[PDB]
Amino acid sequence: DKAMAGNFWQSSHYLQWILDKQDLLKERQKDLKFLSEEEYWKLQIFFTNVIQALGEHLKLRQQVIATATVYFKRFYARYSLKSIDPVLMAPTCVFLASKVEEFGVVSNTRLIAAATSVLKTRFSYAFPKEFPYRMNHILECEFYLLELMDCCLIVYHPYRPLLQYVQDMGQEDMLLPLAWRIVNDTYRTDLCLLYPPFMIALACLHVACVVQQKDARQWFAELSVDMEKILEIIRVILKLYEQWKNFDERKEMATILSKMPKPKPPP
């Protein structure tokens, strides 16, 4: 029973941050001069995992993590990886998301300790040196994040619709756990910038149904939804896992992070 729970069609998410794929690719050309298309999605997957592991350390519910991941996606959707260090942007997004969702102001010392500890423990393969930023950087970077997003803080995720579909299906025991992970996995892709969250929900449920061999064609057929757009999301989710299979993160990412464009310093 969260705030703004059924306002999506007049919301800032829908009326601004559901982007055109052409425009998304066009601004991405600026970072594609250094990194290949393959190396760019491999970078998306990595910072999705960094933001995840920052959430699990700070003891944060999946929804507050999901927003942090979206903020991050929105920023670099419109700007280069040189603009602000994504190692700084990640903990700023988690810090900012926690304030918005009313989970307390995650403490300064605890926020810095989280980033420091996660990068040393679970990400040493990519980051050999310590987390170099102190809290006054997080506070500065926050001001840029809130500015780019046009102060759009409320963000709608697929989980709430997924619940409503699995309840309606009458199969919450079998499907909801697997469906919920596929929804988590959609954040490795662009899908949340390109399609509305209920459609992302519907795709994950369909893949959940296919994996578990649960026939649901009739149930899906009864929806008044554009199924071609659902098949688009399924194809991305199906690709996502083939990307997963062939992507060894821990061997590759150290090299990819050096290829990222460098921020130009003051003269």
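The first residue of the shown sequence is 1; numbering continues from there. Rigid core here is just the name for the largest C-alpha set that superposes within 1.5 Å across the two forms.
Higher-deviation segment by CA RMS in 9 other deposited structures of this protein, core fitted, 116-124 or 97-105
Evaluated in 9 other deposited structures of this protein, the stretch farther from the shown form is 97-105.
Between 197-205 and 27-35, which has the higher average C-alpha B-factor in the PDB entry?
Taking the mean B-factor of the alpha carbons in each, 27-35 is higher.
Segment of higher mean CA temperature factor, 67-75 or 105-113:
Between 105-113 and 67-75, it is 105-113 that shows the higher mean C-alpha B-factor.
For the CA B factor values reported in this entry, which option in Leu178, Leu119, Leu81, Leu146 has the top one?
Comparing C-alpha B-factors across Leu178, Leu119, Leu81, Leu146, the maximum falls on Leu119.
Which of these, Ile51, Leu238, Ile45, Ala221, has its C-alpha atom at the highest B-factor, as the entry lists it?
Of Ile51, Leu238, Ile45, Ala221, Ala221 has the highest C-alpha B-factor.
Split the chain's modelled residues into thirds by Cα B-factor; is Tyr125 in the lowest, middle or highest one?
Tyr125: CA B-factor falls in the highest third of its chain.
Split the chain's modelled residues into thirds by Cα B-factor; is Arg134 in the lowest, middle or highest one?
It falls in the top third of the chain.
If you rank the chain by CA B-factor, which third does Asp185 end up in: lowest, middle or highest?
As the PDB entry reports it, the C-alpha B-factor of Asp185 lands in the lowest third of its chain.
For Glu142, does the deposited CA B-factor place it in the lowest, middle or highest third of the chain?
Within its chain, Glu142 is a middle-third residue by C-alpha B-factor, going by the deposited values.
Relative C-alpha B-factor of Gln171, binned into the chain's lowest, middle or highest third
Top third by C-alpha B-factor.
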